[PDB]
Every structure is written in C-alpha cells, then in structure tokens.
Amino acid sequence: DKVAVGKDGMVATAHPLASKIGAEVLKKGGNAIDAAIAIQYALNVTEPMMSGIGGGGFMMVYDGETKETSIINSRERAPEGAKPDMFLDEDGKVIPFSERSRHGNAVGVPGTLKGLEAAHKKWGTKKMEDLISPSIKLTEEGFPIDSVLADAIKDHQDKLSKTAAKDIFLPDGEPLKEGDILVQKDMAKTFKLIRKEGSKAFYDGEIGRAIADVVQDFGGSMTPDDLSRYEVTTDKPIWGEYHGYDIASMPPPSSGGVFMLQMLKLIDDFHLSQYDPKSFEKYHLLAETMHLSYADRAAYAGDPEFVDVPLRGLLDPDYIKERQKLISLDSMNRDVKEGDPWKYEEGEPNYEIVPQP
C-alpha cells in the first residue's frame, strides 16, 4: 500500500520488494540503520537502474539517544586522471550528453558500500551477513520486474545493448516485460563475496580491479589505486528554520539543501496559502522563485573542499529581501541572472561564473 501506519517502525521505499525486507529487519529488533542498509542492497537488486554500490548517496540520520544528526556522504570522487576539459571534444566543444553519459570518464569512484560500512558500526546492531542475504536470494533466484523497471529497460535498450548488460537485461533482442523474472546470477556472486571477505573485495579485490578494467575499456581513467584510496565522509547538515519548524538538509557538495531552503525563504514572505493550490498565482511565484535559486546554483555550487559556496550569503535575510524584489505577481522577470550573495558573506569567489548547455 501507498499509505500506512505503525507503532514501532516505519519503512517507505521506492520498491515493494524493498520495503518488505527492511520491515522484517525492524520486526526482528534491528534498528533503522540496519534496515536502511538492507533496503539499499534490495533496491540495488530490484531497482538496479536507480541506486547501487556502483554509485553514490547521502544518508541522513537522527541518532537515538545522542540526538545529533549527521550524513554519511558516499558521493563518488573523480579519479586522479580526470581533467577539467575531459568533456570537450578536440574542438573545445562539449561532448553530447548521450556520449558523455556512456563513457568511462563519467564514472566516479563508487562509494555506496563504504557508506554502508560507515553507517553500520556507527549505529549498526546486526549482521554483517544478515542484511545482504535476502538480496542474494532475489539476485540468485530472481523476482518479477515492476513496470518502472520494465520501462527503464525498454526506454534504454540502446545504452544497455552496448555493454555486458545486454546479455541479461536484453535476453535476445528484446527487453524483459513487466512480470518477467529477472535473475542476476553474477550480481549474486558479487554480493556473496561482499559478505564474505568484507568490503575490500571492492576497494582492494577482484571487484575493484575488474572495475578499473572496464572504466579503461570504455575510455575512462580509473585505476585500482583510485578505488583503494576511496573513503566516505561524514557531514553535519545545513539547517534552516521555516514556518516555525527546523530543517536539516544536505550541504555542499549537494546544491539541494541550500537552494531548497532558499526557495522556501524566498517564498515564505508571500503567504502562498492565500491562493488556491491550482491557481495561476501559486505557479507563477513558484516559477519565479525557482529561476532565482537555480541561477544561484549554477554560479556558486560545488564540492566545498575545492570551492567556496556562500552558504551564509545565499540565505542572508537582507539578500533574500534583495532577490525577493525580483518576484512579483505583476509580471515575469526576464532578467534571470545569479544574485550577488558575496555582498553579504566575507570572501571572494575562487572561480568564475561559466554558462553550461
């Protein structure tokens, strides 16, 4: 079901088979983090196009107990061979998104597994053979695919055709339909191996090495060294107050937290609920607000270990007021540049403002 209520736990995920197994974990006294971990493996198997140990994530947790809030930042990092202009052709022209998207240069060092280990140990109280085993069963014995997965495989035939994926998602020349059983024998192999020798199968094993092979086979610059080097990081949230609540969101290297809060800050003074939810008014003030925030994101957002994001400036009460000038009901602003949040935080950009397509 899409709505439901419980006393002692709640799990809500993108896939019915992923919900399911987390719930099982909570019913057997496992905590939320244990269950979250289990779910991520399950989603990896059941919703393989979306999330994965060949990717990155941001895991926000409220503690117990200690009442602190933190993020396991398992976002991928670029290998040391990557270059600022790796996404240009020889003419200085940006390589088609369709092309960049399939190339080895696109691949960041996957961090999800390291993030799971970080989380478990911090707040883990189970396993670490239990929470991947039910995923091993789904990969080994298979499961029927949902519409969303069915469609993904249909909609991306051509990308998948060119890789080792075609053998198993494109059985002959067609893609599995809703209800077909998806078996991932090889993925199960890897998952069993994850449980046995721990993570370092991946950052120091066959797996790590095997990835280094393929990234290079597809043009990329990833070495086993890069994989061995990778480590997640812990972030403290970016906070905001809104409408008398207190909001914890993602800071850089995500653009999400700042600009969602800024979006709220901008729109708050407009007392939106005066207007009908499906009215011109709402839509117009939302649209105008998004334009401002997204412009700021395109000019100021990046991994803070490398750049300076004016978090203080982007949310300054007087900055917000300045920008809110540009949002009226009596016309649409056509002058949609970034603001100058630097006028309100101490510093200077250590970078320029570069248009993208």
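A residue's number is simply how far along the shown sequence it sits, counting from 1.
Between 268-276 and 208-216 (mean CA B-factor, as deposited), the higher: Per the PDB record, 208-216.
Hey, which bit's got the bigger mean C-alpha B factor in the entry, 223-231 or 72-80? Comparing 223-231 with 72-80, the higher average CA B-factor belongs to 223-231.
Could you check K282, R100, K236, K126 and tell me which one carries the biggest Cα B-factor in the deposited entry? That would be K126.
Among the choices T112, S147, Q262, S133, identify the one whose CA B-factor in the record is greatest. Max CA B-factor in the entry, restricted to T112, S147, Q262, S133: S133.
Going by the entry, which third of its chain does the Cα temperature factor of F87 land in? For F87, whose C-alpha B-factor we compare with every modelled residue in the chain, the answer is the middle third.
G198: which third of its chain by C-alpha temperature factor? Tercile = highest for this residue's CA B-factor.
Sorting the chain's CA B-factors, does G55 end up in the lowest, middle or highest third? Middle third.
What third of its chain, lowest, middle or highest, does the C-alpha temperature factor of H243 fall into? It falls in the bottom third of the chain.
C-alpha B factor of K28, ranked within the chain: lowest, middle or highest third? Highest third - that is where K28 ends up once the chain's C-alpha B-factors are sorted.
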